[PDB]
């Protein structure tokens, strides 16, 4: 029936077009969403693995480092004991480091003292000179004591000289 036939014909066209439009929408707004849906999951898989490893690394790293501490402390509590012990049953001297840092030999120690005495002798004569200028002592006194310290000096220099003469 051309009538009933043409209507059915119209139905086909509306239906085919309605179908095209359906496919079009799905392919543009839905089927696209999976494009990089795998890459996403992939990226995440990559991340956990990394975190996982990092976690194991630090895990071990911290454990070993802890044993180093509980060990580095025993060799510390010990040495600190031996050091704080040396300061008891061993007179660590009056703060004068002089007693600690000494000459390599008794001979040398002697030399240091003679040298010191030599200078110290001048200083003393120098000072008494000043004392005379200030008027603290008369010329009479300065000469006597002066000649004495100057004399004791000649000896000290000869002494130093006789210990070092044999050295040519």
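Positions refer to the first chain, counted from 1.
Relative to its counterpart among 40-48 and 59-67, 59-67 has the higher mean temperature factor, C-alpha atoms as listed in the PDB entry.
Stretches compared: 1-9, 157-165. Higher mean C-alpha B-factor in the entry: 1-9. Residue 123: CA B factor in the lowest third of modelled residues in this chain (values from the PDB entry).
Ranked by Cα temperature factor within the chain, residue 99 sits in the highest third according to the deposited record. Looking at the C-alpha B-factors along this chain, the one for residue 105 belongs to the middle third.
Split the chain's modelled residues into thirds by C-alpha temperature factor. Residue 35 is in the highest one.
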